[PDB]
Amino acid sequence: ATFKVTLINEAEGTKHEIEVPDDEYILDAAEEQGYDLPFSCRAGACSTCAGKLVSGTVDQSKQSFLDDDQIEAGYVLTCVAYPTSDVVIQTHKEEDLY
């Protein structure tokens, strides 16, 4: 499968559409497709690459930073998240945690 991923940057009012394989992390695909996104650890242990789901789902089982409540609230670590449906996500959401 290949999923459609819509990247929305609310602060800058930008929107990017990318296609991501079901076995590729969102971050990687974005970069390959020409859209640089924030990151630091690239290992699911920080909050630099955080995004917030608008719609769709993902598999971010490799993540270790977010707690259950943050996950329920829709936050995703883009560096270790695989899309599991078409997804709409707001990027650059780190500041939202604090």
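Sequential numbering from 1, following the sequence displayed.
According to the PDB record, 8-16 carries the higher mean C-alpha B-factor of the two stretches 82-90 and 8-16.
For the pair 29-37 and 61-69, the mean Cα B-factor is higher in 61-69. Per-chain ranking of the deposited C-alpha B factor places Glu24 in the lowest third. Ranked by C-alpha B-factor against the other modelled residues of its chain, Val54 falls in the highest third.
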